[PDB]
Amino acid sequence: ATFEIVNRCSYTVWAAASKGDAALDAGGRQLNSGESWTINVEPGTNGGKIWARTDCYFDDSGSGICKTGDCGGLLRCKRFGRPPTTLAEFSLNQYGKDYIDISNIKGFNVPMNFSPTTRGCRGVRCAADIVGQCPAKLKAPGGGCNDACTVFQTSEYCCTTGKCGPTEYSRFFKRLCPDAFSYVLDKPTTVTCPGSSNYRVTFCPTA
Ligand code: NA
């Protein structure tokens, strides 16, 4: 599948793409405002994620730090990033279908639209000012709005026992972005698309 990753934000982001134990395509790239990066993701990929990183510094070997979304200090991410990160999530060619969603389970840093560029299903978006409205206890100094599991490490927020309900903190993310997952057991906002669809991820879609 092809994913076009577009930075419509007025600031530079460092896109990242991983399936947790490996990079997708090159795994990461700087996107200045307006830039687009096209990657190719192997069919059948399960559990892929794309996210933005902010305020990064890399040396000539691709090593450094980012204030949000850092993936072990690498420009080309092999691993998932440190919260807070708005996440585009996807599993491709799963019994004939692709499954996409946006998640706030690991917090929010940059607004996002995740839409097919081929026929057959709708896109999803989380474009509210979550960072501006973020509850005080969830604000991340580097930027961004952490999820409650990251901040408080309780069984209820992290849904460790497989039972857990919505919380004051999950409801905040859900109020502002009802089409994104707000906690692990949220009612699914996954979209089913035809297998082998192509997609566009746009950071700051309403910019
Ligand atoms: Na998230």
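First listed ligand is number 1; within each ligand, the first listed atom is number 1. Residue indices begin at 1 and follow the sequence shown. These numbers come from the heavy atoms of this one structure, side chains and all, not from hydrogens, waters or symmetry mates.
There is no side-chain donor-acceptor pair under 3.5 Å between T202 and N113. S182 and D186 form a side-chain donor-acceptor contact under 3.5 Å, judged by distance and modelled atom types alone. There is a side-chain donor-acceptor pair under 3.5 Å between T54 and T68.
Proximity of the aromatic rings of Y199 and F90 is defined here by a centroid distance below 6.0 angstrom, and this criterion is not met.
For the side chain to side chain contact (heavy atoms under 4.5 Å, CB included) with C71, the qualifying choice from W51, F80, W14 is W51, the only one to do so.
Pairs of residues two or more places apart, or lying in two chains, that qualify as side-chain hydrogen bond (donor to acceptor under 3.5 Å, both in side chains) and include a residue from residues 75-90 are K49-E89, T86-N109.
Inside a sphere of radius 3.0 Å centred on the Na ion (ligand 1), the protein N/O/S atoms present are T85 O, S103 O, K106 N.
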